[PDB]
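A.B. asks: One line per chain: the protein sequences are A and B, in this order. Using this note's numbering, read the first sequence as starting at 1 and increasing by one per residue. Using this note's numbering, read the second sequence as starting at 583 and increasing by one per residue. Got a structure here, written out as structure tokens. Questions coming.
2 protein chains.
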Amino acid sequence: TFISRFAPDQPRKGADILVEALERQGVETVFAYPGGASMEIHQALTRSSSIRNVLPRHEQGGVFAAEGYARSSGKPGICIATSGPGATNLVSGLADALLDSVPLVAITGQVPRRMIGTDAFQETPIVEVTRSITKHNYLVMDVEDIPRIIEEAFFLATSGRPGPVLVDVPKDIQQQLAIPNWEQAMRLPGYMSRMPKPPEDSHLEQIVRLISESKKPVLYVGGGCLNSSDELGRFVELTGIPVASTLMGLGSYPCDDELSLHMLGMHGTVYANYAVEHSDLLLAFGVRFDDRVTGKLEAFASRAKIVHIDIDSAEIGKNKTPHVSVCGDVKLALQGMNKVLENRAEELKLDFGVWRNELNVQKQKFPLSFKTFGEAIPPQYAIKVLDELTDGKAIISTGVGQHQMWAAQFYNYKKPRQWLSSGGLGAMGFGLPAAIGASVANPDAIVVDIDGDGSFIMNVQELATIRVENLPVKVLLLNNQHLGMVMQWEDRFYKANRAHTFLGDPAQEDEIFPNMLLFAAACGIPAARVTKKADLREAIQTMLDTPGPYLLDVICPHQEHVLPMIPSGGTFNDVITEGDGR
Amino acid sequence: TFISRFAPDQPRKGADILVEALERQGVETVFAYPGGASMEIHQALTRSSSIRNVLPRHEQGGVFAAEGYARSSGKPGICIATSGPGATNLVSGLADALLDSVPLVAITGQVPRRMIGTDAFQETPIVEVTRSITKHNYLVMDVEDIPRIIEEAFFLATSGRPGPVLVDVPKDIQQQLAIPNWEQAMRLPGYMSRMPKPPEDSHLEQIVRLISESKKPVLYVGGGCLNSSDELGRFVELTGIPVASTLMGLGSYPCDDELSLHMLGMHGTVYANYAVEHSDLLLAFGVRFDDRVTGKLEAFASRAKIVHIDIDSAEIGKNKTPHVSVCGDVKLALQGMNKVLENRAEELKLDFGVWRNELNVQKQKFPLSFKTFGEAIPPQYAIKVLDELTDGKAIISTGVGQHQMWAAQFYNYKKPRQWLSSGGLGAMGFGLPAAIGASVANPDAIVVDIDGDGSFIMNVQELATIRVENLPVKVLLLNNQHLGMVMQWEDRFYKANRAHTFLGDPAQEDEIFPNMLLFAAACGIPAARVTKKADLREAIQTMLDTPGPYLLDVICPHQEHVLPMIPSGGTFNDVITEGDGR
Ligand SMILES: Cc1cc2nc3c(=O)[nH]c(=O)nc-3n(C[C@H](O)[C@H](O)[C@H](O)COP(=O)(O)OP(=O)(O)OC[C@H]3O[C@@H](n4cnc5c(N)ncnc54)[C@H](O)[C@@H]3O)c2cc1C
Ligand SMILES: Cc1cc2nc3c(=O)[nH]c(=O)nc-3n(C[C@H](O)[C@H](O)[C@H](O)COP(=O)(O)OP(=O)(O)OC[C@H]3O[C@@H](n4cnc5c(N)ncnc54)[C@H](O)[C@@H]3O)c2cc1C
Ligand SMILES: Cc1ncc(C[n+]2c([C@@](C)(O)OO)sc(CCOP(=O)(O)OP(=O)(O)O)c2C)c(N)n1
Ligand SMILES: Cc1ncc(C[n+]2c([C@@](C)(O)OO)sc(CCOP(=O)(O)OP(=O)(O)O)c2C)c(N)n1
Ligand SMILES: COc1cc(C)nc(NC(=O)NS(=O)(=O)c2ccccc2OCCF)n1
Ligand SMILES: COc1cc(C)nc(NC(=O)NS(=O)(=O)c2ccccc2OCCF)n1
Ligand SMILES: [Mg+2]
Ligand SMILES: [Mg+2]
Ligand SMILES: [Mg+2]
Ligand SMILES: [Mg+2]
Ligand SMILES: [Mg+2]
Ligand SMILES: [Mg+2]
């Protein structure tokens, strides 16, 4: 049973009830930054012997760290901020967690209840601000509600389609004395009654039947499969269907595998987008048919029967209309379909080697390619060397931009939750704090933040967090001195007319600005810069072998372009396969 | 103490908890119309021996009756409707109660909690629909909340500025068994901490001082004074300040009194609007400076020091900027100012007989006047005869239109809560149901609905309610066969071009259509029609002397106009004092 630090008849502060509510959820780590409206919560945290606090240097760092914790572990991430300016600094993280379906519980202090609505000191209506960028939120109006609301928040954040839940706690409720009741029933009758049931054998056998009748099936795998790598891998054994993955699904099926078509979509491989373009059966498991993937919807999988299995009924038929649909956990659907495939194996005689051979011809004519100019370091090459020296077992977090795409293309993720990247919102500054959360959740792992120079500086203050918490976070900084992805679009569509994409100092144009090594130096983090491709392998090896945190500044020619590229709203026939800024 | 019909350890349905919650509030009458989602509440009502239900024939009749009950008694009116179409039929009454600050508690049944949001049978999101036309509303999500929410609803409806509160109760909560806790504390910390305090002697003596320094003071009295007739009357004794009343304030100060300037505003008396126009001190007690009263705001009381005493801080300075302000109960402000005036009486030497004489000259040159054409019945005359034959002691309710203004002008209300009229929203069909509620709340009173033919037919179905409940409701129907007030504006501003204002039958143009006597006949209510002014006095006398309900159809020439008239947005110099539709 659970052991409380208080007697069952002993009144204690609401802040102490809230912390014990976290303890009763199995919480061991929080990311909490103190302020006036949350001082009581922070005092109660020091009284907890089972919950560790990682103090960020910015609440956006706190929420992004909670995301990295969640994405790398499957557990909910918990961040805590004070009222007013603390709460508003969470907003980008809440939106990011909602768009990527990341389970997250955010607790904000609030001004006393009687002060609400009066423009009080450090008051913002955070429940109103965040209603459209959270899965649910609460304003606690009585200390007796703390056990129930915390329980509901964790249940909502982690069940169904996961997402962020914000709990706003007025300071007077934190100080009120009460005796908690941990037996209160949750008040989610509508939500709980609309929870998907395990899929029926009726629907599952229709799918297995559709597979046997098809000649060109393609698996279309996304973020919803992160807990189904075993079931999915078994499914691929029994069917031999090639696997195309989204940015969010990377690693659900191993990238180094022969049946892997790698990533599809705007910057997906030519052969992955080819497969979807010419398929007759599209198995869309745990995906939401977003515009980065589909392009022009009418042309996406235009001659395929579309099977869509999603745990969110609101996603089924939202953009692309499926032929067959299953609303439920893809993990269960895979388990059920795997049994059918095992028994009726010899009756089905599944063989797609002719389709696979057609795709492997595309895989040989159009592989992912990069150019090497003299001794300049290709960013693609740097990530490939990191893959080798870490044996593809590192947890990878990124910023947003060209380096993000290259980290997606040129690292072979073997398991899900190695890949931590902001996909739906695409928020710069995510990589460094996310690596902080992933390292705390996986203390023995290799954690590398593959960051861009614009993204890295946005939350550079979290270097102090990495040092103080003694986290072995590695930073592989692909430094092209530009806002690279926006620069690439300037080259393609605006005649290379630069509009504020250069991040260096124009007074000293040929100097690396700023000097990221001194940012690491300021926080006592060893660092180095590498410029010549000949030095890169030993440089990365040094970063990995040096215990504790390390920053490697990898200088790269800025004229590189992420390829291939299907322009926004385009079709497969519009794919760009050559060119850069030279 | 209170005696429950259940043992303190005996579980009972939520519906039974809700009814006992009403009993514990002192509720004796409700206006409840049954439907599927509220059947449990109606079953629980039959188990109550202290609460009577008056079954309307339309839920709009139910809410309007609850209004009449409230306006005529000072107690909150309680109406109950089922989900969906029952709840939506309350909407006009909720808006009407909010605009006129009438205390009201509306209970709606709702579909089961788990069905909410699914377009279920007879489901409408009534809490969303009514949020902007109620003072507050609730969606009960647990049977344990019923005692607390009902207590908060009555507290909010009746404290501060009164208003309607809607409580939405899902059917599954009505059926759930529980043991109520009647000791729960309310959760209104912000509202209760912002409640006005009793006025300080600091503010009150500044006002008494401002009175002594003024030569032309005018009292400007409205709906906020309905509980202050004694204090106000005493205040007028000590100061001799003449009293101008709004439509909502009629009867706070007696109309037959010599210091009474009667009603001000768009259809106010020439002398009341004169006083405000030339005053140097305007005592605005319990008023909200609405556009019907002020006209062009810059010209309203343009040379007066304005004292505004309102219980709602949001009203002070909303339209007209006062010089002095007191946020609090006008009843207490009057009591405090009366003490100062009593003690410092001989030191003040208050005498405004010169100003009063100037106003009494206006009162003699421009009195309220009407014309008599042959034997046709002037509506103004009919109301004056009703005043005499009832000695000004009848409770009067009205519809909306010309007859409403005439009932305001030509009846001398002696006490507040004799005058029940929809002022802010101006909802036709109010008069008949309001009379129903007033009669139930005042069983021994003379209750007369002075109604128009358009207004009366809108809720004519409540005649069945009057008969079945055996209520002595008198109907003085001023029948001009037109939508009279809109007709008057057609005459003045649209060259008498009729645009759907005629309510009779054009095929039989000179026939009274419809025959309201047969409407009364259908419901077993004695009725009569009078056409000649010579017959009017005996006709009204018959209506009054005949026990029980009675309808008197008073035929009137339609070309009458309500005078005087300050056009909308005009000034005192724009007042119209002559003309009609002839
Ligand atoms: C600069 C940039 C470029 C990008 N370009 C690309 C690109 O070329 N290709 C690309 O793929 N992405 C790209 N993206 C990422 C992108 O915008 C989206 O994040 C991604 O494409 C959508 O991922 P998804 O389809 O797997 O759905 P997700 O966002 O991962 O959501 C999961 C889906 O599965 C469902 N689900 C969740 N759990 C379960 C379960 N247990 N069972 C069943 N269903 C479940 C959810 O309801 C939801 O519909 C890019 C992002 C950036 C920032
Ligand atoms: C066809 C038609 C014509 C009309 N023409 C006129 C007209 O010529 N003249 C006219 O006067 N009206 C007219 N009206 C009515 C009108 O539109 C308004 O209802 C009325 O003028 C406003 O009443 P009020 O100023 O007393 O404020 P109310 O609506 O009665 O509200 C009361 C005010 O006092 C405050 N208050 C409440 N309780 C207290 C308390 N205990 N202590 C202190 N303050 C308190 C409230 O906050 C509020 O500000 C007409 C209506 C109709 C339908
Ligand atoms: C908080 C935030 N602000 C601005 C953004 C708009 N974007 C991008 C995009 C694609 O989302 O535009 O739609 S990418 C990008 C530039 C990235 O600079 P880098 O870190 O150096 O990486 P690289 O390897 O050089 O490309 C910008 C400015 C963004 N997403 N987040
Ligand atoms: C629900 C409703 N619908 C329409 C209305 C618009 N109005 C009016 C007004 C002033 O509010 O117009 O602004 S008054 C009026 C006509 C009144 O017909 P009567 O009952 O016969 O009385 P009378 O003695 O003849 O004048 C209409 C149509 C209204 N207020 N309520
Ligand atoms: C420099 O002022 C500081 C500084 C610090 C460190 N702490 C606080 N704490 C409070 O002021 N607490 S409070 O009484 O409940 C309160 C009353 C009114 C409005 C807000 C409010 O809380 C805001 C949270 F700060 N104030
Ligand atoms: C002709 O159908 C009728 C008729 C009558 C007289 N009563 C009811 N009652 C219910 O259906 N009750 S319910 O099971 O809780 C229910 C379930 C689903 C949706 C709404 C709902 O309630 C709506 C209220 F009617 N239905
Ligand atoms: Mg089929
Ligand atoms: Mg090479
Ligand atoms: Mg860059
Ligand atoms: Mg003064
Ligand atoms: Mg006469
Ligand atoms: Mg009429």
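A virtual CB, placed ideally from N, CA and C, is assigned to each residue, including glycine.
Quick one, are the C-beta atoms of B:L672 and B:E710 less than 9 Å apart?
C.D. replies: No. Outside cutoff.
A.B. asks: Going along the chain, which residues of its own chain have a beta-carbon closer than 8 Å to the beta-carbon of A:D256, five neighbours each way excluded?
C.D. replies: Closer than 8 Å at Cβ, skipping near neighbours: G392, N412 and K414.
A.B. asks: Got a sec? Which residues, its chain only, sit under 6 Å from A:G504 by beta carbon, not counting five neighbours each side?
C.D. replies: Closer than 6 Å at Cβ, skipping near neighbours: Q481 and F513.
A.B. asks: Hey, out of A:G61, A:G454, A:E258 and A:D545, whose CA is closest to A:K363's CA?
C.D. replies: The shortest C-alpha separation from A:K363 is found at A:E258.
A.B. asks: Apart from the five residues just before and just after B:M768, which ones in its own chain have a Cβ nearer than 8 Å to its Cβ?
C.D. replies: Cβ neighbours of B:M768 beyond the five flanking positions: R730, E733, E734, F737 and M774.
A.B. asks: Do we get a CB-CB distance below 9 Å when we pair B:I698 with the residues of chain A?
C.D. replies: It does; some Cβ of chain A falls within 9 Å.
A.B. asks: Which residues of chain A have a Cβ atom closer than 9 Å to the Cβ of B:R769, listed in chain order?
C.D. replies: Correct list: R113, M141 and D142.
A.B. asks: Evaluate the contact criterion for the segment 466-483 of chain A versus the segment 436-448 of chain A: three or more CB pairs, one atom per stretch, below 8 Å.
C.D. replies: The answer is yes - the segment 436-448 of chain A touches the segment 466-483 of chain A, with three or more Cβ pairs under 8 Å.
A.B. asks: If contact means a Cβ-Cβ distance below 7 Å, which residues of the segment 177-209 of chain A contact chain B?
C.D. replies: Answer in chain order: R187, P189, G190 and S193.
A.B. asks: Taking the alpha-carbon positions, what's the A:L238 to B:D727 distance?
C.D. replies: Cα to Cα, the separation comes out at about 55 Å.
A.B. asks: Identify every run of the beta strand (DSSP E) within the segment 486-569 of chain A, keeping only runs that are complete inside it and at least 3 residues long; order them along the chain.
C.D. replies: Entirely contained in the segment 486-569 of chain A, the beta strand (DSSP E) runs reaching 3 residues are, in chain order, 527-530 and 550-555.
A.B. asks: Could you name the residues of the same chain whose beta carbon sits closer than 8 Å to that of A:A157, not counting the 5 residues immediately before and after it, in chain order?
C.D. replies: So the list reads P76, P103, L104, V105, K135, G163, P164 and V165, once near-sequence residues are dropped.
A.B. asks: Anyone know if the C-beta pair for A:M337 and A:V208 falls short of 9 Å?
C.D. replies: Yes, these two residues count as a Cβ contact at 9 Å.
A.B. asks: Tell me which residues share the same chain as B:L676 and place their Cβ nearer than 6 Å to its Cβ, disregarding the 5 neighbours each side in the sequence.
C.D. replies: Answer for B:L676: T712, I715, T716 and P746, listed in chain order.
A.B. asks: Exposed or buried, what is B:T851 when buried is set at 16 or more other beta-carbons lying within 10 Å of its beta-carbon?
C.D. replies: Per the 10 Å Cβ criterion, buried.
A.B. asks: Can you find a heavy atom of ligand 10 that lies under 8 Å from the Cβ of B:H905?
C.D. replies: Yes, the beta carbon of B:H905 sits closer than 8 Å to at least one heavy atom of ligand 10.
A.B. asks: On the DSSP bridge assignment, give the partners of A:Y69 in chain order.
C.D. replies: None, per the DSSP bridge assignment.
A.B. asks: Beta-carbon of B:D754 versus every beta-carbon of chain A: anything under 9 Å?
C.D. replies: Yes, its Cβ sits closer than 9 Å to a Cβ of chain A.
A.B. asks: My understanding is that B:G831 touches B:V800, with C-beta atoms under 8 Å, so please give their C-beta distance in whole angstroms.
C.D. replies: Rounded, the Cβ-Cβ distance is 13 Å, inconsistent with contact.
A.B. asks: Measure the CB-CB distance between A:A301 and A:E277 and report whether it falls below 9 Å.
C.D. replies: Yes, the Cβ-Cβ distance between A:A301 and A:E277 is below 9 Å.
A.B. asks: Are there 16 or more other CB atoms within 10 angstroms of the CB of B:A1081, so buried, or fewer, so exposed?
C.D. replies: Per the 10 Å Cβ criterion, exposed.
A.B. asks: Regarding A:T372 and ligand 8, is the C-beta to nearest heavy atom distance less than 8 Å?
C.D. replies: It does: the Cβ of A:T372 is within 8 Å (strictly closer) of some heavy atom of ligand 8.
A.B. asks: For the structure I just gave you, are there three or more beta carbon pairs, one from the segment 982-992 of chain B and one from the segment 873-892 of chain B, closer than 8 Å?
C.D. replies: At 8 Å Cβ cutoff, the stretches do not touch.
A.B. asks: Who are the Cβ neighbours of B:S794 in its own chain at under 6 Å, not counting the five residues just before and after it?
C.D. replies: So the list reads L930, once near-sequence residues are dropped.
A.B. asks: Give the C-beta separation of B:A647 and B:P1015 to the nearest angstrom, bearing in mind that I take them to be a contact with Cβ-Cβ under 8 Å.
C.D. replies: With 8 Å as the limit, B:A647 and B:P1015 qualify as a contact, their Cβ atoms being about 4 Å apart.
A.B. asks: Should A:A382 and A:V554 be called a contact, given that it needs their Cβ atoms to be closer than 9 Å?
C.D. replies: Cβ atoms of A:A382 and A:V554: closer than 9 Å.
A.B. asks: May I have a chain-ordered list of the beta strand (DSSP E) segments no shorter than 3 residues that lie completely inside the segment 942-1009 of chain B?
C.D. replies: Qualifying beta strand (DSSP E) stretches, in chain order: 977-980.
A.B. asks: Nearest CA to the CA of B:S1004: which residue from B:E970, B:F1154 and B:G983?
C.D. replies: With distances taken between Cα atoms, B:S1004 lies closest to B:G983.
A.B. asks: Going by DSSP, name the residue or residues bridged to B:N635.
C.D. replies: For B:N635, which the question treats as bridged, DSSP gives the partners B:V612.
A.B. asks: Nearest to residue 591 of chain A by CA position, among A:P367, A:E358 and A:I446, is which residue?
C.D. replies: The displayed coordinates of chain A run from 1 to 582. Any statement about residue 591 of chain A would go beyond what the structure contains.
A.B. asks: Any heavy atom of ligand 10 closer than 8 Å to the CB of B:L792?
C.D. replies: Because some heavy atom of ligand 10 lies under 8 Å away, the Cβ of B:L792 counts as near it: yes.
A.B. asks: Tell me the start and end of each unbroken beta strand (DSSP E) in the segment 869-922 of chain B that is at least 3 residues and wholly inside, in chain order.
C.D. replies: 887-892 and 906-909, all fully within the segment 869-922 of chain B.
A.B. asks: State yes or no: is the C-beta of A:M141 nearer than 8 Å to some heavy atom of ligand 5?
C.D. replies: Outside the cutoff, so no.
A.B. asks: Taking the beta strand (DSSP E) that A:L476 falls in, what are its first and last residues?
C.D. replies: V473 to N479 is the extent of the beta strand (DSSP E) around A:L476.
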